[PDB]
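Below: the structure, in structure tokens.
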Amino acid sequence: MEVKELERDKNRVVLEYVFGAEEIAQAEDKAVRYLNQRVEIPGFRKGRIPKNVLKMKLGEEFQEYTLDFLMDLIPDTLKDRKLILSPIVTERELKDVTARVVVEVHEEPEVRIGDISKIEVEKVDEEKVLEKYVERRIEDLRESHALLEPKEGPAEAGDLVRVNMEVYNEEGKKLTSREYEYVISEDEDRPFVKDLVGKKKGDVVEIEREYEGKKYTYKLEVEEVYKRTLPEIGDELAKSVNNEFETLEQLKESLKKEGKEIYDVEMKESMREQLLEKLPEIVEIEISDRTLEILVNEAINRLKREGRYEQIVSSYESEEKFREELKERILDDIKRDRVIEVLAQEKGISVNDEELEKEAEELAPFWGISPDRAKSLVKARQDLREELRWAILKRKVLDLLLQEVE
Numbered sequence: 001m002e003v004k005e006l007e008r009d010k011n012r013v014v015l016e017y018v019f020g021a022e023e024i025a026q027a028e029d030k031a032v033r034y035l036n037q038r039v040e041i042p043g044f045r046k047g048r049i050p051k052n053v054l055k056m057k058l059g060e061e062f063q064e065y066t067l068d069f070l071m072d073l074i075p076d077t078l079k080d081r082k083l084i085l086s087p088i089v090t091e092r093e094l095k096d097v098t099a100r101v102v103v104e105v106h107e108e109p110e111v112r113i114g115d116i117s118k119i120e121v122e123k124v125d126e127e128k129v130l131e132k133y134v135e136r137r138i139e140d141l142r143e144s145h146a147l148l149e150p151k152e153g154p155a156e157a158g159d160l161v162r163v164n165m166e167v168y169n170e171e172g173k174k175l176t177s178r179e180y181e182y183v184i185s186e187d188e189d190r191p192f193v194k195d196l197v198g199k200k201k202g203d204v205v206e207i208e209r210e211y212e213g214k215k216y217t218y219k220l221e222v223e224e225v226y227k228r229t230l231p232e233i234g235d236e237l238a239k240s241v242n243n244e245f246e247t248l249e250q251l252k253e254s255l256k257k258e259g260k261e262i263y264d265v266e267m268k269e270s271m272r273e274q275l276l277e278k279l280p281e282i283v284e285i286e287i288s289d290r291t292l293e294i295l296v297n298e299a300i301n302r303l304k305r306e307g308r309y310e311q312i313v314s315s316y317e318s319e320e321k322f323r324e325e326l327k328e329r330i331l332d333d334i335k336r337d338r339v340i341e342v343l344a345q346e347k348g349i350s351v352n353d354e355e356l357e358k359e360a361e362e363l364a365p366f367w368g369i370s371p372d373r374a375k376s377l378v379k380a381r382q383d384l385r386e387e388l389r390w391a392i393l394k395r396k397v398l399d400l401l402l403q404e405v406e
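Using the numbering used here, read the sequence shown as starting at 1 and increasing by one per residue.
Printed below as a string of structure tokens:
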């Protein structure tokens, strides 16, 4: 029983596991036990069929069983290695006084963080970002705070029409009701608003439009008309907060960096995702080309098992060329991941149950159940607590390398 690393191929070792005569026996009569309870031939009672006789029925078939119950001893050796792919047995052999097994062991590959500074992101102008958002938010704010009193006439340009909408099926059965508030302007027209210019309180319209499949009939009663002269950008707009605000500066000069709380995230996040995506360029790996082919073939044959293959491969250039093209994709994650993988522990980072929670709490809206139910889903399902672990871990690691483009 000697493990001889026959060969290494970067991050892929091949090992010769050899088993002397003593063990060859130990797995042989340990296969006659198992086989016997599978086998059934006249006379010989339940489990009691002598070894040779069994090896009589199987013969060359038997060799295999001896081998498997020697082959199970292999797993008890690569306990320490964290590998990309489950050990693959290239050849398994047995002769007179020897049972040889050749196992290929595809361990997770090594990487090398290059020049983390030599990486271009794209930081947008906080000032011009901020003023642009604010300008428009004053646009927004004076709208929803316009000076409105019910016009007694009709409805021309620039006036709010409160309309009560009812939706009926083609078969005349009301589906639901609603109320809306459309604002009109100069010579402008859009479905179910156009036909509602120069109408009064009480007056009705019945737009019959066809959607998706069936004919739908929309009853539109004008609930009220109101006059729409909005506050001009000043301190009279500071009525948005009833106490507090008294100057427009208090509105602007605030929002100018009130919505800085949004640039603080959307940007950080974008920056993060840029670096994440860009990461492979500075990262050298040593993956074996066999390890490439195998994960590549595994990716393709599963793309095959699903259906979304001939959708994608048969919509590019050829067949062999997508395989080449996918290979350049798989590698770059093998890259991105293992960079975080190391950098995580090698820069003192691990993801705890606590932050795992917060994460699933804001993820809950995205699954449709209670925020408290998500944690239960995390506690139950493993695949899911591991998926989140790695997801935060990434947030963190990328969150340092980026805060380090020096």
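Even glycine gets a Cβ: it sits at the ideal position worked out from N, Cα and C.
When DSSP builds the beta bridges, which residues end up paired with residue i?
{"i": "residue 2", "result": "18"}
{"i": "residue 164", "result": "179 and 221"}
{"i": "residue 83", "result": "107"}
{"i": "residue 226", "result": "160"}
{"i": "residue 247", "result": "None, per the DSSP bridge assignment."}
{"i": "residue 98", "result": "95"}
{"i": "residue 8", "result": "13"}
{"i": "residue 216", "result": "209"}
{"i": "residue 204", "result": "221"}
{"i": "residue 284", "result": "112"}
{"i": "residue 174", "result": "168"}
Using CA coordinates, which residue listed in the options is at the minimum distance from residue i?
{"i": "residue 285", "options": "10, 86 and 401", "result": "10"}
{"i": "residue 266", "options": "5, 287, 122 and 236", "result": "122"}
{"i": "residue 202", "options": "223, 182 and 189", "result": "223"}
{"i": "residue 59", "options": "321, 28, 72 and 84", "result": "28"}
{"i": "residue 173", "options": "216, 74 and 189", "result": "216"}
{"i": "residue 287", "options": "221, 13 and 48", "result": "13"}
{"i": "residue 78", "options": "97, 106, 53 and 52", "result": "106"}
{"i": "residue 232", "options": "225, 142, 344 and 136", "result": "142"}
{"i": "residue 298", "options": "381, 55, 326 and 53", "result": "326"}
{"i": "residue 235", "options": "229, 228, 227 and 245", "result": "245"}
{"i": "residue 187", "options": "180, 196 and 179", "result": "196"}
{"i": "residue 139", "options": "309, 255 and 262", "result": "255"}
{"i": "residue 145", "options": "238, 95 and 57", "result": "238"}
{"i": "residue 57", "options": "69, 39, 71 and 45", "result": "39"}
How many angstroms separate the CA atom of residue i from the CA atom of residue j?
{"i": "residue 32", "j": "residue 86", "result": "28 Å"}
{"i": "residue 112", "j": "residue 182", "result": "59 Å"}
{"i": "residue 61", "j": "residue 99", "result": "15 Å"}
{"i": "residue 379", "j": "residue 352", "result": "13 Å"}
{"i": "residue 337", "j": "residue 80", "result": "20 Å"}
{"i": "residue 341", "j": "residue 240", "result": "50 Å"}
{"i": "residue 359", "j": "residue 392", "result": "8 Å"}
{"i": "residue 283", "j": "residue 339", "result": "8 Å"}
{"i": "residue 242", "j": "residue 259", "result": "20 Å"}
{"i": "residue 344", "j": "residue 118", "result": "21 Å"}
{"i": "residue 402", "j": "residue 272", "result": "7 Å"}
{"i": "residue 418", "j": "residue 163", "result": "Only positions 1 to 406 of the chain appear in this structure, which leaves residue 418 out of reach."}
{"i": "residue 381", "j": "residue 390", "result": "15 Å"}
{"i": "residue 189", "j": "residue 157", "result": "11 Å"}
{"i": "residue 30", "j": "residue 52", "result": "13 Å"}
{"i": "residue 412", "j": "residue 405", "result": "No answer is possible for residue 412: it lies beyond the span of the chain, which begins at 1 and ends at 406."}
Taking all protein chains shown into account, decide if residue i is buried (16 or more other Cβ within 10 angstroms of its Cβ) or exposed.
{"i": "residue 36", "result": "buried"}
{"i": "residue 159", "result": "buried"}
{"i": "residue 66", "result": "buried"}
{"i": "residue 17", "result": "buried"}
{"i": "residue 155", "result": "buried"}
{"i": "residue 374", "result": "buried"}
{"i": "residue 225", "result": "buried"}
{"i": "residue 291", "result": "buried"}
{"i": "residue 366", "result": "exposed"}
{"i": "residue 251", "result": "buried"}
{"i": "residue 275", "result": "buried"}
{"i": "residue 42", "result": "exposed"}
{"i": "residue 55", "result": "buried"}
{"i": "residue 228", "result": "buried"}
{"i": "residue 49", "result": "buried"}
{"i": "residue 321", "result": "exposed"}
{"i": "residue 147", "result": "exposed"}
{"i": "residue 335", "result": "buried"}
Going by beta carbon distance, what residues of the same chain come within less than 8 Å of residue i, once the five residues before and after it are set aside?
{"i": "residue 218", "result": "165, 166, 167, 168, 192, 206, 207, 208 and 209"}
{"i": "residue 347", "result": "397 and 400"}
{"i": "residue 1", "result": "17, 18, 19, 20, 23 and 73"}
{"i": "residue 7", "result": "13 and 14"}
Which same chain residues, not among the five before or five after residue i, have their C-beta less than 6 Å away from its C-beta?
{"i": "residue 356", "result": "388"}
{"i": "residue 4", "result": "16"}
{"i": "residue 47", "result": "36 and 37"}
{"i": "residue 88", "result": "104"}
{"i": "residue 90", "result": "102 and 104"}
{"i": "residue 34", "result": "none"}
{"i": "residue 332", "result": "280"}
{"i": "residue 247", "result": "235"}
Less than 7 Å between C-beta atoms, sequence neighbours within five positions excluded: which residues of the same chain meet that for residue i?
{"i": "residue 175", "result": "167, 168 and 169"}
{"i": "residue 133", "result": "259"}
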